[PDB]
Each structure stands twice: as structure tokens, then as C-alpha cells.
Amino acid sequence: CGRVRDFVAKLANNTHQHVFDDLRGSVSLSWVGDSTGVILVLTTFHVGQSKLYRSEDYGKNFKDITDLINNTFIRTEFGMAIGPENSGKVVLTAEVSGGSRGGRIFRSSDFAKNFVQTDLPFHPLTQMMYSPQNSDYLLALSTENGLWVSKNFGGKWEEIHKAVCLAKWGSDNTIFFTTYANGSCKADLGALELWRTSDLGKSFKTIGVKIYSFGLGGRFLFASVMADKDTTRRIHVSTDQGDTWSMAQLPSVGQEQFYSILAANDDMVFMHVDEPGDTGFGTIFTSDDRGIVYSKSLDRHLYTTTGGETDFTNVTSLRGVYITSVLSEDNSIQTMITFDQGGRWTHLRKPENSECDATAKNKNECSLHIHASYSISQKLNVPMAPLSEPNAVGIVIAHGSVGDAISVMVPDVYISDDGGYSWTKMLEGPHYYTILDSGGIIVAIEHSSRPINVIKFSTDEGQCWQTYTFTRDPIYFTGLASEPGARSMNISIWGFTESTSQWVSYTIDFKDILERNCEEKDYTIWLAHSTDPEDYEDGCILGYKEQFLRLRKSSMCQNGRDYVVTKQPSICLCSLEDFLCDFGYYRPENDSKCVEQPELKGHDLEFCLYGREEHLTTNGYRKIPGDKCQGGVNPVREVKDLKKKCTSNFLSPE
Ligand SMILES: *[C@@H]1O[C@H](CO)[C@@H](O[C@@H]2O[C@H](CO)[C@@H](O[C@@H]3O[C@H](CO[C@H]4O[C@H](CO)[C@@H](O)[C@H](O)[C@@H]4O)[C@@H](O)[C@H](O)[C@@H]3O)[C@H](O)[C@H]2NC(C)=O)[C@H](O)[C@H]1NC(C)=O
Ligand SMILES: *[C@@H]1O[C@H](CO)[C@@H](O[C@@H]2O[C@H](CO)[C@@H](O[C@@H]3O[C@H](CO)[C@@H](O)[C@H](O)[C@@H]3O)[C@H](O)[C@H]2NC(C)=O)[C@H](O)[C@H]1NC(C)=O
Ligand SMILES: CC(C)(C)CC[C@H](NC(=O)c1cc(Cl)cc(Cl)c1)C(=O)O
């Protein structure tokens, strides 16, 4: 078929080993900035001692720098608090003697080239969080629950509040936080007060009361608020940093139930609502651009109690794709894929030339199922969850099983090149996988119960593989390390030698394999989401299309660190299909027309009563968030009020 010529030579001088000696217990690994190569490894022993190593060559070599931390014990609960973007900021938290007035931290702002010791006025309880806007601003919680802020990269710390439960950095250096009063975080549960500060402690606005918890997702601020003289609670949303609030058109839940933001962006949110009682599943709801109107998207969606596992996944390598796990009435688990932001859900197409397993009734008719967080959690033989990278268009890699449900059997690895529309067995049996050079190189390692010395690699998007021995002395493989963003050609293999054990990391550079830099000819045209090429509206997902330039399976070259995915939108004509029913409307039968509700029951009535103005004055239809269609159809009707249809049954006072 097709394999790389004279590869053994191209990799030998490019392979780079490093023996880390030690390293019983902890082994933390942190990348520090993009296009640097700075990696930091932190090993903690016990009677103990700590050991820190720094690389600058993508993990090909390290230099022990415990010296830079004046040789002290470092707490791994806090780990290595790394700064955003290329701020080069690193914050290690030291262990102090019991009687101390406050903690101690080591800090670098120069990619771990120089560390600064700093004693604190408090004892940290949380990892110091960096502001997304300014890397010099940090916030933390004391063991006393006081909110401490710093405006000088942890040099000077000022307590800005005292009974803080949870705090979070918003956009433009804002800080959101809850506070208790009568006892503790656990006590005042659902009775807490949500606050905000834009002047890092100077002023404070109470932005909520009877708060159970809060969270940020995309453009929204969600907070669960507890019912007056009741154990139940419901979601409320603010798109204006707490200033204005509005109840979410979602069910209310009990103390034994939860809400989880499965996914959030500038357009909408995927919200998991736990089903009442120990079920180990809930319901997925997709929001509108206001984060208020919700559409039931998926039933019996696996999500163990509390949080807890979920197989919910954003297939980051193709627009609108998400795979998750649903629970069958006959207590089996099925994988469901959505190509249109959870509009429509369906089974994953089984690979063409693939046989159905013992889980399936028809031996010729079944689907692909994916092993993710939940499978992993059940000590099922899954070394890795599904992996997709946004720069590697259409590629999805996962351990799955072809059949009617997720099977306990030892999984093989499956790949997709079109974002989950079509699948193919990539490798037999479990493996650890990585995407290099934006789909230029796919790299694999077998999940053996005994030592290994080989790395498998592909240059044709997992269609053809090649074995390569990287070491004479095999190792008990532990994991892989590659620079986030899947742009490098440097992969770090990690393990430990057979015993008197010692950790080691062989780092291969694939620079000589892809000695040729890609050029215009190497890329071909690809219409994302193609189903029927005859159809004019083919590839129309969420109102538009996208034509890509993708490197040929054929072409075997380097896309380069500067690689820019080139895509091109084709704006489609609006149809009813680009609209969700606003509040008080529903879609009966196969029909796409949003019909007015005969009567509003459950939580629709709750909102119909306890809700508000704009959301109730419904146009009947709303444009799907992220929907960029133009022309065609539009709901030709006036903005009509509904706080009459509910109240029409209630005897009303004067
Ligand atoms: C599922 O995964 C998808 C792929 O990762 C997610 O979609 C991607 O979302 C990102 C971020 O929204 C889009 O990338 C760009 O992000 C920037 C935001 O960065 C900063 O830009 C400026 C300058 O700093 C400023 O506005 C802020 O500081 C921002 O923080 C946007 O400004 C760009 O316009 C652009 O959106 C990707 O384009 C997008 N890709 C795809 C394939 O969709 C998706 O959101 C995930 N799904 C959910 C529901 O979360
Ligand atoms: C794999 O790892 C090697 C190091 O082991 C990486 O090498 C680094 O290569 C970059 C260029 O690609 C060098 O950056 C510098 O860029 C400026 C321009 O901004 C230029 O003026 C400098 O002369 C230099 O090229 C970097 O110094 C170099 N580092 C080392 C230690 O060799 C390599 O980039 C990694 N491979 C991939 C594909 O990411
Ligand atoms: C308004 C929100 C942001 C959604 C929080 C609301 C709260 N959330 C949680 O308890 C919770 C939190 C996490 Cl991080 C994960 C899980 Cl699975 C559950 C609830 O259920 O009242």
C-alpha cells in the first residue's frame, strides 16, 4: 500500500533519552507557553523531598533545578500553577511548619529561569488562580475562607472579603464569589450570597441571594437559586455580569439532583439536568443565545452521581459535532452522535468492513460505541478517552466496540477522518494515541501489561502504520507528552525500567521524516458535513457550509507550526429547520412548524408564572444559536405576550 522509506535512519539520531533517577510517588508535568519547549517535572517523595526539572528543547533534555527552590517540600495538591498564554508565570506552593503565620510560594515569571521565594499573610486552601486579562493579578482562598488578592504576581496579598465559599476570575479582571454567614460553606448551602468586584476589593455588589452555587460558561453567568420556604432550586442567568437576572426555562431540582454545564460558548450552552432519584442519568438541554430558552436535546444521558462521570464530548475537530452516552431502558449503554449542535442525535455508523459483537442481535446490522470517562471509570481496559484536535480537521480517535451497546471486551482503536460520519478500525487492541503537526503525524503505543520498546506512527491519517524501535532496553509505558495545540513533531514517551526502578523519557523528533514542507499542491478540497453531493443544500449545518483545504492522505510533508486551516463559508437559505420554538411553542409529529401550546404544564407553567417580560412576549420562533443562514424563510408574526394564557385559569385578586 504505502509506507515511509529509510525511516529507521531519520529517527535514530533524533531520539533523545533522559533518566530522571528516583521518583516514587508524584510526577507532575507542565508545559510553559507555546513555541518555547519549556516543560517542568515535579517529583515528591515521603519519609519528604521534592525534585524539579526544566527543559527548553521540548523534553529532549532536562536540568535538575531543586536548587532554584532552595531545596524545600512542594505541595502537589496545588501543583504547578502556570500562567496564561506566554506570560511565563509559574507558582509552586511550599509545605510549611504547623505553627507558621502563613504559607510560602516559589514564583517565576521568566519561564522557570529564576524563582522568587515569598511568604504569605495566609495559608492557601486553593491553587492560586491567574486573571485571564492580566497575569500579574492572582486570587486565592485562605484556610480561614478569606479571599486574598494580589496585583503584583503574588508579591503583596490583601484580604478583600472574609466568608468566601468559592471565587472565580471573570472577563476584564472582574471577580465573582459566594459568601456564608451563620456557620460554614456546608451549613449555609443554598443560603449563600453571590457578590462581584471590578475594583479588586474596593467596591462590592450583591448580585444574588439564596445562592446554592454559581458558574461561568461562554457569555453567561449561571447561579442556582433555592426556592423560598422549600428544599428545591432552579437556574437563573445574567449576560450582564450579575446586573440583571432572569429565570432559566429549565426544570427545578431537589437537593439529591444536580445541574452540570456540559459545554458553553459565545453562542449557547449544553445543560445536563439530573433525573430525580438515584438513576445515574439526566437530560440534555440546549440554550438560546440568551441562555434562557431551552430545548430538550437528549434523554437518559449517562452522568453518574454527582460529578461523576459522563461520556459527553465535544468533537473539537468538526463544527457542530458532539458524541455522548445514553442509557437504554434494558440497562445497556449506547453512544450517540450529533452533527448539528444537538439538534438531531443518532447512532455512530459502524465501520464498513466490521463484524458485530455478542452485544448485537443482527450479526450484520449494528453501530460504533465509544469508550470515554465512564468506561475508564469502570476499570474497563481503556488507556485513553476519545481524542480530536481543532487544527487536525475531521480526525477523531477512540477506543470503541462495534455492536448494539458498549462492550466489556478488550477494545480496538477506531478512527474517523470526517468528524464522526464514517469510521474505520485504526489499530487492533488498546493504545495511547497523539496528533502531531495538525494531522501530519498520528503516533501510537500499545497498551501492554508488560514492557514495550516500540512506537507506531502514521503519515496518512491512520490508514497505514509503521513500527519503530526507540530503545534497546524496554520500559513499562506510563504516558505520552506533546506540546498542546498538536503543532510540534516532538513526542515524549514516558515509563520506568524493570526492577530498583527509575523513570525515563525517550523523545523522538519527526523533523527528518517530514523533511519536505507542505505546499499548495499537497492540499485538496473538502466539503465538511457532505451527505448527498447532488443536493444544493448539502453540507448546510447550522445555516452555512464550509469548504476546507486538507492535506492529501497521499502527501507526506510538514504542515508547519504556522499552519492555518483554510476554510470558506457558504451561506445557506433559511428554512424552518434553522429555528427552535421560543417559549410556549412545540413541534408535533414529523412537522417542522412551531405550534402554540394547548396548555403549559410542569416547569413551562412555573416559568409562565414566576418568569418575566421579554421571554414571555414570544415571537414563537428563535434562530438557533451559531446559526448563520440568510434569506429564505422567517417567522412573519408580532412579538406577542403570554402572561394571560397561564393566569387565565387562576382566580385573580384585585
Ligand atoms: C466545541 O469545540 C469547538 C472547537 O474547539 C469550539 O469552537 C471553537 O471556539 C473557539 C472559541 O470560541 C473559536 O475560536 C476563536 O476564539 C476567539 C476567542 O479568543 C479571544 O479572541 C479575542 C482576542 O483575544 C477576544 O474576543 C477574546 O479575548 C477571546 O477570548 C474568537 O474571538 C474568534 O472569533 C474565534 O471564535 C473557534 O472558531 C471555534 N471552532 C469551531 C470548530 O467551532 C466550540 O465552542 C465548542 N463547543 C461548545 C458548545 O463549547
Ligand atoms: C522540536 O524540538 C526542537 C528543540 O528540541 C524545537 O527547536 C526549536 O526550533 C525553533 C524554530 O522552529 C527555534 O526558535 C527560534 O525562532 C526564532 C524566530 O522566532 C529564530 O530567530 C531562532 O533562530 C530560532 O529558530 C528554537 O530555538 C529551537 N530550539 C532548540 C532548542 O533547538 C522544534 O521547534 C520542535 N519541533 C516542532 C515541529 O515544534
Ligand atoms: C449554576 C451551575 C453552574 C450549573 C451550578 C449548579 C450546581 N452544580 C453542581 O452541583 C455541580 C457542579 C459541578 Cl462543577 C459539576 C457537577 Cl456534575 C455538579 C447545582 O447542581 O445546583
# chains A, B, ... in the order shown; residues from 1 in each chain; ligands from 1

$ residues_near_ligand --ligand "ligand 2" --cutoff "10 Å" --atoms "only C-alpha atoms and all ligand atoms" --output "CSV table (one decimal) with N, CA and C atoms, in the first residue's frame"
chain,number,residue,atom,x,y,z
A,14,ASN,N,17.6,11.4,16.1
A,14,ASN,CA,16.6,12.3,16.5
A,14,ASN,C,15.9,11.8,17.9
A,16,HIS,N,15.9,11.0,21.8
A,16,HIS,CA,16.6,11.6,23.0
A,16,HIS,C,16.1,11.2,24.3
A,34,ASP,N,3.6,28.5,24.6
A,34,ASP,CA,3.6,27.9,23.2
A,34,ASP,C,4.9,28.4,22.5
A,35,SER,N,5.4,27.5,21.6
A,35,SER,CA,6.6,27.8,20.8
A,35,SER,C,7.9,28.0,21.6
A,36,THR,N,7.9,27.5,22.9
A,36,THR,CA,9.0,27.6,23.8
A,36,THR,C,9.8,26.2,23.8
A,37,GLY,N,9.1,25.3,24.5
A,37,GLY,CA,9.6,23.9,24.7
A,37,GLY,C,9.9,23.7,26.1
A,38,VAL,N,9.5,24.7,26.9
A,38,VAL,CA,9.6,24.7,28.4
A,38,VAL,C,8.6,23.7,29.0
A,55,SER,N,13.1,21.8,31.0
A,55,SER,CA,13.6,21.5,29.6
A,55,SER,C,13.3,22.8,28.8
A,56,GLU,N,13.9,22.9,27.6
A,56,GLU,CA,13.8,24.1,26.8
A,56,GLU,C,13.9,23.6,25.3
A,57,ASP,N,14.1,22.3,25.2
A,57,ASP,CA,14.1,21.5,23.9
A,57,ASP,C,13.0,20.6,23.7
A,58,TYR,N,11.8,20.9,24.2
A,58,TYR,CA,10.6,20.1,24.0
A,58,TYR,C,10.6,18.7,24.8
A,59,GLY,N,11.5,18.5,25.8
A,59,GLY,CA,11.7,17.3,26.6
A,59,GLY,C,12.7,16.4,26.1
A,60,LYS,N,13.6,16.8,25.2
A,60,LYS,CA,14.7,16.0,24.7
A,60,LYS,C,15.8,16.0,25.8
A,61,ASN,N,15.9,17.0,26.7
A,61,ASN,CA,16.8,17.2,27.8
A,61,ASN,C,16.3,18.0,28.9
A,436,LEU,N,0.1,15.0,15.9
A,436,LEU,CA,1.3,15.9,15.7
A,436,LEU,C,1.1,16.6,14.4
A,437,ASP,N,1.8,17.7,14.3
A,437,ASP,CA,1.8,18.6,13.1
A,437,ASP,C,0.4,18.7,12.4
A,482,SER,N,3.2,15.8,24.5
A,482,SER,CA,3.4,16.5,23.3
A,482,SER,C,2.9,17.9,23.6
A,483,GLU,N,3.4,18.9,22.8
A,483,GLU,CA,3.1,20.3,23.1
A,483,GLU,C,1.7,20.5,22.7
A,486,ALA,N,-1.2,20.4,19.2
A,486,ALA,CA,-0.9,19.4,18.1
A,486,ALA,C,-0.2,20.1,16.9
A,487,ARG,N,0.9,20.9,17.2
A,487,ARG,CA,1.6,21.6,16.2
A,487,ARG,C,3.1,21.1,16.1
A,488,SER,N,3.7,20.6,17.2
A,488,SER,CA,5.0,20.1,17.2
A,488,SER,C,5.2,18.8,16.5
A,489,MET,N,6.4,18.3,16.4
A,489,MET,CA,6.8,17.0,15.8
A,489,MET,C,7.7,16.2,16.8
A,490,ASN,N,7.6,16.7,18.0
A,490,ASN,CA,8.3,16.2,19.2
A,490,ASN,C,7.2,15.6,20.1
A,491,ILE,N,7.4,14.3,20.4
A,491,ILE,CA,6.6,13.4,21.3
A,491,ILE,C,7.5,12.8,22.4
A,507,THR,N,12.4,11.0,23.7
A,507,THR,CA,11.7,12.0,22.9
A,507,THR,C,12.1,12.0,21.5
A,508,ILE,N,11.3,11.5,20.6
A,508,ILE,CA,11.5,11.4,19.2
A,508,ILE,C,11.1,12.7,18.5
A,509,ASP,N,11.9,13.2,17.5
A,509,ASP,CA,11.6,14.4,16.7
A,509,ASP,C,11.4,13.8,15.3
A,510,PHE,N,10.3,14.1,14.7
A,510,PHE,CA,9.9,13.6,13.3
A,510,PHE,C,10.2,14.7,12.3
A,511,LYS,N,11.2,15.6,12.5
A,511,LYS,CA,11.6,16.6,11.6
A,511,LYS,C,12.2,16.0,10.3
A,514,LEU,N,9.4,14.2,7.9
A,514,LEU,CA,8.7,15.2,7.0
A,514,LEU,C,9.7,16.3,6.7
A,558,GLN,N,5.4,18.3,6.1
A,558,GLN,CA,5.2,19.0,7.3
A,558,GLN,C,4.3,20.3,7.0
A,559,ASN,N,3.1,20.3,7.7
A,559,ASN,CA,2.2,21.5,7.7
A,559,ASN,C,2.8,22.7,8.3
A,560,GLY,N,3.7,22.5,9.2
A,560,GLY,CA,4.4,23.5,9.9
A,560,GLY,C,3.6,24.2,11.0
A,561,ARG,N,4.4,24.7,12.0
A,561,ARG,CA,3.8,25.4,13.2
A,561,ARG,C,3.0,26.6,12.8
A,562,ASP,N,3.2,27.2,11.6
A,562,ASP,CA,2.5,28.3,11.2
A,562,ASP,C,1.2,27.9,10.4

$ residues_near_ligand --ligand "ligand 1" --cutoff "8 Å" --atoms "only C-alpha atoms and all ligand atoms" --output "number ranges by chain"
A: 133, 218, 263-270, 314-322, 341, 389-390

$ write_last_selection --atoms "N, CA, C and O atoms" --output "short mmCIF file (atom, residue, chain, number, x, y, z; two decimals), in the first residue's frame"
data_model
loop_
_atom_site.label_atom_id
_atom_site.label_comp_id
_atom_site.auth_asym_id
_atom_site.auth_seq_id
_atom_site.Cartn_x
_atom_site.Cartn_y
_atom_site.Cartn_z
N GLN A 133 -7.20 38.26 31.92
CA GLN A 133 -6.88 39.57 31.37
C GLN A 133 -5.40 39.94 31.68
O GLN A 133 -4.61 40.12 30.75
N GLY A 218 -19.32 30.43 28.60
CA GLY A 218 -19.42 31.31 27.45
C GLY A 218 -19.62 32.75 27.91
O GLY A 218 -18.87 33.27 28.74
N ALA A 263 -21.20 21.98 28.08
CA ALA A 263 -20.42 22.76 27.12
C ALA A 263 -21.01 24.16 27.01
O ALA A 263 -22.23 24.32 27.01
N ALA A 264 -20.15 25.16 26.89
CA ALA A 264 -20.59 26.55 26.75
C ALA A 264 -19.70 27.36 25.80
O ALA A 264 -18.48 27.17 25.75
N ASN A 265 -20.31 28.24 25.03
CA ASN A 265 -19.55 29.08 24.13
C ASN A 265 -20.21 30.46 23.98
O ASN A 265 -21.19 30.76 24.68
N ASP A 266 -19.66 31.30 23.08
CA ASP A 266 -20.20 32.63 22.83
C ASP A 266 -21.64 32.59 22.32
O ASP A 266 -22.36 33.57 22.47
N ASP A 267 -22.09 31.45 21.75
CA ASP A 267 -23.46 31.30 21.26
C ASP A 267 -24.44 30.63 22.20
O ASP A 267 -25.54 31.13 22.29
N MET A 268 -24.09 29.49 22.87
CA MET A 268 -25.04 28.75 23.74
C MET A 268 -24.41 27.84 24.77
O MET A 268 -23.20 27.90 24.99
N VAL A 269 -25.26 26.99 25.43
CA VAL A 269 -24.89 26.01 26.46
C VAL A 269 -25.63 24.69 26.35
O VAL A 269 -26.84 24.64 26.05
N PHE A 270 -24.90 23.62 26.65
CA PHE A 270 -25.42 22.27 26.74
C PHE A 270 -25.54 22.07 28.26
O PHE A 270 -24.54 22.13 28.98
N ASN A 314 -16.97 17.04 23.13
CA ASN A 314 -17.03 17.96 22.02
C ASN A 314 -16.03 17.41 20.98
O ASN A 314 -14.84 17.33 21.26
N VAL A 315 -16.51 17.03 19.80
CA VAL A 315 -15.59 16.58 18.76
C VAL A 315 -15.07 17.90 18.16
O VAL A 315 -15.65 18.46 17.20
N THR A 316 -14.02 18.44 18.82
CA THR A 316 -13.35 19.70 18.56
C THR A 316 -12.78 19.83 17.14
O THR A 316 -12.46 20.95 16.74
N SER A 317 -12.68 18.68 16.39
CA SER A 317 -12.16 18.63 15.01
C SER A 317 -13.22 18.82 13.92
O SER A 317 -12.87 18.72 12.73
N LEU A 318 -14.48 19.09 14.28
CA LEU A 318 -15.51 19.41 13.28
C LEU A 318 -16.68 20.12 13.96
O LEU A 318 -17.15 19.69 15.01
N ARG A 319 -17.11 21.25 13.35
CA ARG A 319 -18.16 22.18 13.78
C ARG A 319 -19.50 21.52 13.90
O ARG A 319 -19.98 20.96 12.92
N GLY A 320 -20.08 21.60 15.11
CA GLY A 320 -21.37 21.03 15.48
C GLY A 320 -21.34 19.59 15.97
O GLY A 320 -22.38 19.06 16.36
N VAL A 321 -20.15 18.94 15.98
CA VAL A 321 -20.14 17.54 16.39
C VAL A 321 -19.84 17.32 17.90
O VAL A 321 -18.88 17.87 18.46
N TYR A 322 -20.69 16.49 18.53
CA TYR A 322 -20.59 16.06 19.92
C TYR A 322 -21.05 14.59 20.02
O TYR A 322 -22.10 14.27 19.47
N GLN A 341 -25.08 20.56 16.55
CA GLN A 341 -25.23 21.17 17.87
C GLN A 341 -26.41 20.56 18.76
O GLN A 341 -27.14 21.28 19.48
N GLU A 389 -8.42 17.02 17.74
CA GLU A 389 -7.72 18.31 17.82
C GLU A 389 -8.33 19.30 16.79
O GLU A 389 -8.58 18.89 15.66
N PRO A 390 -8.58 20.58 17.17
CA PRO A 390 -9.22 21.53 16.22
C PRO A 390 -8.45 21.87 14.94
O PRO A 390 -9.09 22.21 13.94
#

$ residues_near_ligand --ligand "ligand 3" --cutoff "10 Å" --atoms "only C-alpha atoms and all ligand atoms" --output "number ranges by chain"
A: 189-190, 211-217, 220-226, 232-237, 252-262, 271-274, 303-310

$ write_last_selection --atoms "N, CA and C atoms" --output "CSV table (one decimal), in the first residue's frame"
chain,number,residue,atom,x,y,z
A,189,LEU,N,-25.6,26.2,52.8
A,189,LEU,CA,-25.8,25.6,51.5
A,189,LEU,C,-27.2,26.1,50.9
A,190,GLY,N,-27.2,26.8,49.8
A,190,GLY,CA,-28.4,27.3,49.2
A,190,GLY,C,-28.9,28.6,49.9
A,211,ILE,N,-28.4,31.7,47.1
A,211,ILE,CA,-27.5,31.0,46.1
A,211,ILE,C,-27.0,29.7,46.7
A,212,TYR,N,-27.1,28.7,45.8
A,212,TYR,CA,-26.6,27.3,46.1
A,212,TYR,C,-25.2,27.2,45.5
A,213,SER,N,-25.0,27.7,44.3
A,213,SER,CA,-23.7,27.7,43.5
A,213,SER,C,-23.8,28.5,42.3
A,214,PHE,N,-22.7,28.8,41.7
A,214,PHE,CA,-22.6,29.6,40.5
A,214,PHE,C,-21.6,29.0,39.6
A,215,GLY,N,-21.5,29.5,38.3
A,215,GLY,CA,-20.6,29.1,37.3
A,215,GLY,C,-20.6,29.9,36.1
A,216,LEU,N,-19.5,30.0,35.4
A,216,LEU,CA,-19.4,30.8,34.1
A,216,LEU,C,-19.3,29.8,33.0
A,217,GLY,N,-20.0,30.1,31.9
A,217,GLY,CA,-20.0,29.4,30.7
A,217,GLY,C,-20.3,30.3,29.5
A,220,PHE,N,-22.4,33.7,29.5
A,220,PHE,CA,-23.3,33.6,30.6
A,220,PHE,C,-22.7,33.4,32.0
A,221,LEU,N,-23.6,33.8,33.0
A,221,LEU,CA,-23.3,33.6,34.4
A,221,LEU,C,-24.5,32.9,34.9
A,222,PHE,N,-24.3,31.7,35.3
A,222,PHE,CA,-25.4,30.9,35.8
A,222,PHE,C,-25.2,30.8,37.3
A,223,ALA,N,-26.3,30.7,38.1
A,223,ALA,CA,-26.4,30.6,39.5
A,223,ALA,C,-27.6,29.8,39.9
A,224,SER,N,-27.5,28.8,40.7
A,224,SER,CA,-28.7,28.0,41.1
A,224,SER,C,-29.1,28.8,42.4
A,225,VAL,N,-30.4,29.1,42.4
A,225,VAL,CA,-31.1,29.8,43.5
A,225,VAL,C,-32.2,28.9,44.1
A,226,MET,N,-32.1,28.8,45.4
A,226,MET,CA,-33.1,28.0,46.2
A,226,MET,C,-34.4,28.7,46.4
A,232,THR,N,-36.0,22.7,47.1
A,232,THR,CA,-35.8,22.8,45.6
A,232,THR,C,-35.0,24.0,45.2
A,233,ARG,N,-34.4,24.0,44.0
A,233,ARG,CA,-33.7,25.1,43.4
A,233,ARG,C,-33.8,25.0,41.8
A,234,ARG,N,-33.5,26.1,41.2
A,234,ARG,CA,-33.6,26.3,39.7
A,234,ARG,C,-32.5,27.3,39.2
A,235,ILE,N,-32.1,27.2,37.9
A,235,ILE,CA,-31.1,28.1,37.3
A,235,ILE,C,-31.7,29.4,37.0
A,236,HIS,N,-30.8,30.5,37.1
A,236,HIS,CA,-31.0,31.9,36.8
A,236,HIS,C,-29.8,32.3,36.0
A,237,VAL,N,-29.9,33.2,35.0
A,237,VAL,CA,-28.9,33.7,34.1
A,237,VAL,C,-28.7,35.2,34.0
A,252,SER,N,-36.9,22.5,37.9
A,252,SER,CA,-36.4,22.8,39.2
A,252,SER,C,-35.9,21.4,39.7
A,253,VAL,N,-34.9,21.4,40.6
A,253,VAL,CA,-34.4,20.1,41.1
A,253,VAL,C,-34.3,20.1,42.6
A,254,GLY,N,-34.3,18.9,43.2
A,254,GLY,CA,-34.2,18.6,44.6
A,254,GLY,C,-32.7,18.7,45.1
A,255,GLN,N,-32.5,18.5,46.4
A,255,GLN,CA,-31.1,18.5,46.9
A,255,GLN,C,-30.3,17.3,46.5
A,256,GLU,N,-30.9,16.2,46.1
A,256,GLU,CA,-30.3,15.0,45.6
A,256,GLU,C,-30.1,15.0,44.1
A,257,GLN,N,-30.4,16.1,43.4
A,257,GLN,CA,-30.2,16.3,42.0
A,257,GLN,C,-29.2,17.4,41.7
A,258,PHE,N,-28.7,17.4,40.5
A,258,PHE,CA,-27.7,18.4,40.1
A,258,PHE,C,-27.9,18.9,38.7
A,259,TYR,N,-27.2,20.1,38.3
A,259,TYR,CA,-27.1,20.7,37.1
A,259,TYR,C,-25.6,20.7,36.7
A,260,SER,N,-25.3,20.5,35.5
A,260,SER,CA,-23.9,20.5,35.0
A,260,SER,C,-23.8,21.2,33.7
A,261,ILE,N,-22.8,22.1,33.5
A,261,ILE,CA,-22.7,22.8,32.2
A,261,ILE,C,-21.9,21.8,31.4
A,262,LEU,N,-22.4,21.1,30.4
A,262,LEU,CA,-21.7,20.1,29.7
A,262,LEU,C,-20.7,20.9,28.7
A,271,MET,N,-26.8,21.9,28.8
A,271,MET,CA,-27.0,21.8,30.2
A,271,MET,C,-27.6,20.4,30.5
A,272,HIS,N,-26.9,19.7,31.4
A,272,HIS,CA,-27.3,18.4,31.9
A,272,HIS,C,-28.1,18.6,33.1
A,273,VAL,N,-29.3,18.1,33.2
A,273,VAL,CA,-30.2,18.2,34.4
A,273,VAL,C,-30.4,16.8,34.9
A,274,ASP,N,-30.0,16.5,36.1
A,274,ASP,CA,-30.1,15.1,36.8
A,274,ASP,C,-31.5,14.7,37.0
A,303,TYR,N,-24.6,10.1,33.2
A,303,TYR,CA,-23.9,11.1,34.1
A,303,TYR,C,-24.2,10.6,35.5
A,304,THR,N,-23.2,9.8,36.0
A,304,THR,CA,-23.2,9.2,37.3
A,304,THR,C,-23.4,10.3,38.4
A,305,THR,N,-23.7,9.9,39.6
A,305,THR,CA,-23.9,10.9,40.6
A,305,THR,C,-22.7,10.9,41.6
A,306,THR,N,-22.1,12.2,41.9
A,306,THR,CA,-22.6,13.5,41.4
A,306,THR,C,-22.0,13.9,40.1
A,307,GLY,N,-20.8,14.4,40.2
A,307,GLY,CA,-19.9,14.7,39.0
A,307,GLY,C,-18.5,14.2,39.4
A,308,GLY,N,-18.3,12.9,39.2
A,308,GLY,CA,-19.2,12.0,38.5
A,308,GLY,C,-18.7,11.9,37.1
A,309,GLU,N,-19.0,10.8,36.4
A,309,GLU,CA,-18.6,10.6,35.0
A,309,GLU,C,-19.7,10.8,34.0
A,310,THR,N,-19.2,11.2,32.8
A,310,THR,CA,-20.0,11.5,31.6
A,310,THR,C,-19.2,11.3,30.4

$ closest_residue --among "A:348, A:175, A:187, A:27" --to "residue 203 (chain A)" --atoms "only C-alpha atoms"
A:175

$ atom_distance --atom1 "CA of residue 587 (chain A)" --atom2 "CA of residue 602 (chain A)"
17.3 Å

$ atom_distance --atom1 "CA of residue 158 (chain A)" --atom2 "CA of residue 103 (chain A)"
14.2 Å

$ residues_around --residues "region 362-377 of chain A" --least-positions-apart "3" --cutoff "9 Å" --atoms "only C-alpha atoms" --output "PyMOL selection string"
chain A and resi 302-304+308-313+323-325+333-336+347-351+354-358+380-386+398-408+411+423

$ select_by_dssp --residues "region 462-624 of chain A" --states "strand (DSSP E or B)" --output "PyMOL selection string"
chain A and resi 465-469+475-482+490-496+503-509+517+523-527+541+544-551+558+567-571+573+579-581+585-586+595-596+618+621-623

$ select_by_dssp --residues "region 5-198 of chain A" --states "helix (DSSP H, G or I)" --output "VMD selection string"
chain A and resid 7 to 12 66 to 69

$ closest_residue --among "A:572, A:435, A:551, A:387" --to "residue 413 (chain A)" --atoms "only C-alpha atoms"
A:387

$ atom_distance --atom1 "CA of residue 293 (chain A)" --atom2 "CA of residue 337 (chain A)"
22.9 Å

$ closest_residue --among "A:111, A:124, A:98, A:241" --to "residue 78 (chain A)" --atoms "only C-alpha atoms"
A:124

$ residues_around --residues "residue 567 (chain A)" --least-positions-apart "3" --cutoff "6 Å" --atoms "only C-alpha atoms" --output "ChimeraX atom specification"
/A:546-548

$ residues_around --residues "residue 116 (chain A)" --least-positions-apart "6" --cutoff "9 Å" --atoms "only C-alpha atoms" --output "list in words"
residues 68, 69, 105, 106, 107 and 108 of chain A

$ residues_around --residues "residue 198 (chain A)" --least-positions-apart "5" --cutoff "10 Å" --atoms "only C-alpha atoms" --output "count of residues only"
10

$ residues_around --residues "residue 641 (chain A)" --least-positions-apart "4" --cutoff "12 Å" --atoms "only C-alpha atoms" --output "list in words"
residues 583, 584, 608, 612, 613, 614, 615, 616, 617, 618, 619, 620, 645 and 646 of chain A

$ closest_residue --among "A:580, A:565, A:642, A:556" --to "residue 294 (chain A)" --atoms "only C-alpha atoms"
A:580
